[PDB]
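Inspection log for the structure reproduced underneath, given as structure tokens.
Throughout, protein chains are lettered first and strands after them, A, B, ... in sequence-line order, and every chain is numbered starting at 1. Heavy-atom basis, side chains included; hydrogens, waters and symmetry copies ignored.
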Amino acid sequence: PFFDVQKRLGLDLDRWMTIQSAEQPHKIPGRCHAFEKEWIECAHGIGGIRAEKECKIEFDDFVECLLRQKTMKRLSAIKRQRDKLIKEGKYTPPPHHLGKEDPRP
Amino acid sequence: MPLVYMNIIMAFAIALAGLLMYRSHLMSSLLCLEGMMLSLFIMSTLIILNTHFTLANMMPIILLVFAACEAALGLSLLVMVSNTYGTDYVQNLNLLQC
Amino acid sequence: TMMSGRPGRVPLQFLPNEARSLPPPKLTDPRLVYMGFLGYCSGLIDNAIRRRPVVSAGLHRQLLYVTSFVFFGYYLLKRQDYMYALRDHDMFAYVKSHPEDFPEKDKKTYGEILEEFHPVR
Amino acid sequence: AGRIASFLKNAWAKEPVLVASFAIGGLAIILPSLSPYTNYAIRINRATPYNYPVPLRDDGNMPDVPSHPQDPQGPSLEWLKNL
Amino acid sequence: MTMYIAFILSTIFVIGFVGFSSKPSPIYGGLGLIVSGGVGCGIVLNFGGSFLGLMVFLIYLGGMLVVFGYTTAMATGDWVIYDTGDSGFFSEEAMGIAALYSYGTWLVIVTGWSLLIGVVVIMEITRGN
Amino acid sequence: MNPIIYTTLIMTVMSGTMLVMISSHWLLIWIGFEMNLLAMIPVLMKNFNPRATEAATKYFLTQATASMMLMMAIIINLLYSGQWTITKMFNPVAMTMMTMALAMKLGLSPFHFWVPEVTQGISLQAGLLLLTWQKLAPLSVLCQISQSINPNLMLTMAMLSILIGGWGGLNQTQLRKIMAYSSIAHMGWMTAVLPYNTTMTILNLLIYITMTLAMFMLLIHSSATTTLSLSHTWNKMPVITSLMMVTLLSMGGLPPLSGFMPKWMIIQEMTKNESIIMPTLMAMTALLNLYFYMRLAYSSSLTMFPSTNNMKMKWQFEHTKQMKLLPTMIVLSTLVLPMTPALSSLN
Amino acid sequence: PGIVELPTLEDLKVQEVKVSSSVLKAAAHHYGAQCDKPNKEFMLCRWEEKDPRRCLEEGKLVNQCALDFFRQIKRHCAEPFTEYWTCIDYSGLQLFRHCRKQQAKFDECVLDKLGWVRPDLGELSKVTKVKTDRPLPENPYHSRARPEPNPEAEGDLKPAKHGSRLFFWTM
Amino acid sequence: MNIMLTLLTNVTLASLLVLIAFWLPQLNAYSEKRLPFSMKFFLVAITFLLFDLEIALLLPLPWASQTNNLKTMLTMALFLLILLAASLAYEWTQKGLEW
Amino acid sequence: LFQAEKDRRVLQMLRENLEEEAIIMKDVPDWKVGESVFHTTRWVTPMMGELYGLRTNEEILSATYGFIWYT
Ligand SMILES: CCCCCCCCCCCCCCCCCC(=O)OC[C@H](COP(=O)([O-])OCC(O)COP(=O)([O-])OC[C@@H](COC(=O)CCCCCCCCCCCCCCCCC)OC(=O)CCCCCCCCCCCCCCCCC)OC(=O)CCCCCCCCCCCCCCCCC
Ligand SMILES: CCCCCCCCCCCCCCCCC[C@@H](O)O[C@H](CO[C@H](O)CCCCCCCCCCCCCCC)COP(=O)(O)OCC[N+](C)(C)C
Ligand SMILES: CCCCCCCCCCCCCCCCC[C@@H](O)O[C@H](CO[C@H](O)CCCCCCCCCCCCCCC)COP(=O)(O)OCC[N+](C)(C)C
Ligand SMILES: CCCCCCCC/C=C\CCCCCCCC(=O)O[C@H](COC(=O)CCCCCCC/C=C/CCCCCCCC)COP(=O)(O)OCCN
């Protein structure tokens, strides 16, 4: 099966493209660099099984950064409640959210 | 997972199903394969651009290149099949049976 | 037992250095003799296929077959013994390091154990 | 010696385009390894600041790191001006 | 929010794939695929992938579908998941793509060998005899 | 074709397989699969005829669809986790689509339909290469991602492959279709032990490859592609028929022959995981493969079929081209049972 | 999982710099030459803390330094600076190269008035050191405890007990 | 937006002016009264497709020239162009560019 | 200076959104105002929808597509 020639010879044929946090050109960071860094450091040498049970917090944070399901759900709930109150008529957005604020540099 | 990715995957599934229907015209089979690779390109590009994976910007071009090369091969094959029968109908390839 | 992921394993090493601490198989090992017999059978079938005197067509060819088979068999047996030694070492170390999973059974004599008796009738 | 010259002379006639193309390609392959300005181009690429230079926290043991851009120590670009 | 323009683009893309997935009159299927490729290129360009979108629109549309139609002629929600910062004085897409010559040596080697073998394979297959 | 071109294409096929086997990046694995696909097509069409062209285009269609599904699985995996390394699949049915793509590449049921057709269309050397070398890369990927696979789907497709191979081999008079159905059944046996032990999968792969090489080289030496065409071999080369019958008995899984070693081990392994019913059913179904092997043996060497007059002239000539590795392949596929524990070498 | 803390709207009030990008580009070289220390402290704190909320004071300091720099320009060199930044503003690329003459006028004026020397090519891009008393953050990533590694067994190899022990083989 | 408006304007003007050209002479009343499949033309299209793919590979060259690893990028660009020339030469010597 | 202004503006927008959330969610039973969706206490760069979620459509279009649509 897998013949790990790269590790035996120290060639680095394709390991540079495997993860987001591995020496991007011009030091451009990935959107989830910190989360992936934390998850990788936590799971290094532990192994996949213990890694799957014990590094669940970091992986959940990484997935939340990647897809942001929880953030969009919370924003949608806030917007839905705001729409409900604005249709009922007990809430009025401030001028800041209406375009009448004083923009800052 | 937003709705755009779901729409792209639905498009890919539709292309794959249409490839699996085989009304006629193996040229349509190649067309379905190319629609599938187009959907793959679009969704992979969207995912890579979104997460700012700078080195991953290599991958779509590569994919495109390889897939187009495949298309060339397929087209060649089609011609020879047609070159035997004069038409690219699927049912002409009934010589081999299980 | 999937030992592909064993820590400290050189990827493409057929025989690691630590395998040199194990007794090599003897040159008169029965498995080596069987590999030589396999080479001899290969030579006989080679003679038979090409329509040559099966027993006495090519002595050099049969000798080469037997020698190559013995060589590969010796190295394969070394690797086999090394891998089994690794398995036993790992099992013993795991038993040593996890005492709570392998308790010492209380020795009990048959004179104080009641086993149900089923007559043969 | 003579056979090669004869082949090149026969190719320069009735096939000049191929001779010119092969000569230009061979020169493009060979010349960069001999020019002294390729290192200059590499250095020019090195001196183009695309990112903000993040300052280093001083600990009193970096005599080579300047505290201000006008300090003499640090990489200089007088050679690039001379170019 | 322009009524979620990306949503309409994706729906038109799906509609086009459904349209030629029935495979009617393979030139009409190819034209539906041309429209679908244009819509997908518009999706990628509107997302911000100018270079990759132009690669689609040039390579895919102008070479591959053109050769397809040529051979046939011979025969008979959004805006939320985005970023906050900037990119500098360049585009990250261009830097990542141009890294192919400095970072992706292995990719260049394998792709070039594959393309050369593709040319040889095409010649051998189309030899005939 | 030109021998240089043929050598280059064979080296490209092998280089694609090696690129699949040595790379840790999913894109490089897909590129290796693409390279192998591209270089395989002319090999199937070395002898130009409509049958070979039809087989090549069917193979190309199936493999291109499999590659597209593989890329979709890779992209979904990347979407749900920004990883390119070949590791645990990290996601639901993305793994299902990966398994389906690899099954179509290998020829497992329910994606078995193309194997008999492509094998019948192409010649015997192309069939040898197709049925031996084209299994290394997908099986290597499956062994790498074995801890990810859902056991239900893999075991279902393995049992389906065994059943379909057993039933479809019974109806064949062509030798190439028999070999194709044998390959399907053997792949079914191989993939039913992947969830439990990949070493057993590799051992089965080695034994099957040896037996298939011996069988195809014996079929090439006595150039017959039909049961009756093979029935004429005894009048010229009885020793070839005897070796072929022994090899066929070995492929049937009979002890003490070599082909008994994998199934035995596999059954043993599956009993360690508290699984009994599937090993029982697999053995009872492999009985069908044995039946049609035994029918071929009856028609080959245990009985003497009528011959033809012109056969006499063939008595006066000898094969100009001789296969060097054929004797070794027969011995390895017949007489290696006592060396069974050597499987600890993690072959 | 916790409550995110944000500074009050009062903590984010600062006397803002209300000059356009043309004025900033015209003054940028002398601004980097003169306001280097607060800017470097702010950027060092910003890259070490990895948090906008932990670097709020330094932003006020850099704003104050910019305001002081512009106040000195207004008191001493208002007019030539006005022509210089007007010229810079006309160009669609805001190129320095089209009116080196106005730049020379402004540079000589500031050199005569405030003794300001313009930094040379490649000087503002140097990596400089910052003398700060702010403590180095010990865990900027808020990392948890890394899980314990495997027992990493070690010892001397011995032959397997009773051979392979697979079925009937004695070796 | 601006590009969309420009494309829409161009298409709309072309369509309207084509329609008026096609309908102005339709208001006045008047009388109102194979197989061969050449194989070289397919090879031309296939060769164009392959060379277009290699051009697609060559396209990022203007940005490739600022990487600080100039030797490696120069080697890889020259390698790509050499293989493009090799493809052209192989198709030339195999009588693939004949009529 | 641009970095300082960016940090201040982002924080001020987040503060406004937090105030509006506190006002709006006063009757929702199980809501906790300003609760992080991450287990870590590290600062996380807010999304574009976190800053412009409650604002008007025109400036959402600006912040999302202005650079892409500027020609
Ligand atoms: C359990 C483990 C222990 C035992 C091991 C078992 C296996 C051992 C052998 C393995 C294979 C190696 C040899 C096979 C090569 C084939 C060559 C052959 O055919 O023989 C011809 C040859 C004589 O003929 P010839 O004059 O050369 O020319 C005639 C042509 O060759 C041919 O003339 P022809 O073509 O005109 O005749 C035609 C005939 C000829 O066709 C054949 O005979 C084919 C040969 C059999 C196929 C081999 C398959 C591979 C091996 C599988 C073994 C299976 C074992 C497992 C149990 C399952 C049983 C099937 O074919 C037919 O008649 C067609 C129908 C046949 C009936 C059905 C077929 C069943 C065959 C299965 C046989 C299985 C046992 C084989 C034993 C050895 C047989 C030679 O025989 C020999 O002389 C060689 C025999 C062995 C040599 C012994 C020398 C040692 C003595 C000195 C050393 C002392 C030793 C101790 C040292 C210390 C003492 C001081
Ligand atoms: C069917 C009979 C078997 C014969 C097989 C062909 C025999 C000819 C082969 C010639 C020599 C091959 C040896 C290769 C030289 C070096 C190999 C080394 O570099 O590789 C090591 C591995 O060594 C080889 O794998 C051992 C191959 C030996 C095969 C023999 C076992 C046969 C099964 C028992 C039947 C008895 C046959 C006896 C007659 C030959 C490192 O592997 P690793 O990178 O860490 O992990 C990849 C493998 N994993 C994933 C499964 C763990
Ligand atoms: C050692 C094995 C040799 C024999 C086996 C050959 C196996 C197949 C042939 C392909 C293998 C060739 C090795 C190339 C591997 C790529 C990695 C290595 O070359 O290092 C590169 C060095 O690049 C070299 O210039 C590679 C030049 C060699 C390629 C040119 C010709 C290749 C042809 C090989 C076969 C192709 C088809 C046949 C053509 C005849 C990386 O550059 P580097 O700057 O360190 O790091 C960049 C990352 N940074 C930016 C962070 C610093
Ligand atoms: C590794 C170097 C690559 C870099 C340079 C090359 C880049 C691009 C150039 C190559 C593109 C592909 C060229 C394909 C060559 C095919 C040749 C061929 O087969 O054509 C022969 C003709 O080709 C030849 O003549 C054989 C070789 C001729 C010379 C080729 C160049 C060899 C070296 C010449 C220059 C050496 C260096 C320059 C020094 C010159 C002094 C300044 C037949 O011609 P027809 O068109 O079929 O005529 C039939 C109708 N009458």
For atom CZ of A/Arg50, is the number of surrounding heavy atoms from other residues, nucleotides or ligands below 6.0 Å larger than 12?
yes
Can you establish whether the number of heavy atoms outside A/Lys90 located under 6.0 Å from its atom NZ is more than 12?
yes
Validation: residues 20-35 of chain F side-chain donor-acceptor distances under 3.5 Å, sequence neighbours left out:
residue : atom : partner : partner atom : Å
F/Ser23 : OG   : F/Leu19 : O            : 3.0
F/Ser24 : OG   : A/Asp14 : OD1          : 3.1
F/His25 : ND1  : F/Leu27 : N            : 3.0
F/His25 : NE2  : A/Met17 : O            : 3.3
F/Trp30 : NE1  : F/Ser67 : O            : 3.2
F/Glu34 : OE2  : F/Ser67 : OG           : 2.9

What is the minimum heavy-atom distance between F/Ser140 and A/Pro1, and which atoms define it?
CB-CA, 3.6 Å
Separation of A/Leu67 CG from F/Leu79 CG (nearest 0.5 Å)
5.0 Å
What part of F/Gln83 gets closer than 4.5 Å to chain A, counting heavy atoms only: side chain, backbone, both or neither?
both
With A/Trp39, which residues qualify under ring-ring contact (aromatic ring centres under 6.0 Å, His included), at least two apart?
A/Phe59, F/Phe90
Please classify the contact of A/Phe62 with chain F as side chain, backbone, both or neither, using a heavy-atom distance under 4.5 Å.
side chain
